[PDB]
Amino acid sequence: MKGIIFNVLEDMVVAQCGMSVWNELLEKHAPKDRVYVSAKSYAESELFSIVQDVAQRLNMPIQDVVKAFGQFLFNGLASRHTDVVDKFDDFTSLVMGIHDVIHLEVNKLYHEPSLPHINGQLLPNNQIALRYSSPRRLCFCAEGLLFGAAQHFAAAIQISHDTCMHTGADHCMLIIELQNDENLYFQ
């Protein structure tokens, strides 16, 4: 897991809970004097342990916390890789490009990143079928990111998530409904 993901998490924990709390999380779930360098790889278990700790402090379901992180993470990625997100003029284009443009670039920007496998298909009625697959099983982080992407383009979405790696499938299907954006009027 790249340091940048940890850095965005810090911004989140520091904003909601305070810097004193982040240093608790970090002292407890990471080796002495850890510094997350944005471009370096670190053990994904350090992230899961920090996030699991937060979920428990807040008495929240772990996937609700991961989803909320994903939503904060989109903005934090977009502002650190503005050149990548400015390639897209609307939500639907960005979703259709997560795999072949965005995470494709992430392979040129970062040494050997650990990325999911994603394929989007455009459906009738302004829906997208986004198939997700990853051994890390972070489909709820992906829901958050989609909600973040929506906020970014002043779009409104809903997501159905009824095939899931957590309920035994080898992938997830995120059926995205685009309810509104600046180019949707009556329908």
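Quick note: we count residues from 1 along the sequence shown, nothing fancier.
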For the stretches 162 to 170 and 9 to 17, which has the higher mean C-alpha B-factor as given in the deposited record?
9 to 17
I need to verify one thing: averaged over C-alpha atoms only, is the B-factor higher for 22 to 30 or for 59 to 67?
22 to 30
Select one of 118, 138, 35, 146: the residue whose C-alpha shows the highest B-factor in the crystal structure entry.
35
Assigned third (lowest, middle, highest) for the C-alpha B factor of residue 128
lowest
Which third of the chain holds residue 156 when residues are ordered by C-alpha B factor: lowest, middle or highest?
middle
Lowest, middle or highest third of the chain for the C-alpha temperature factor of residue 54?
highest
Assert third(CA B-factor, residue 47) within chain per record equals highest
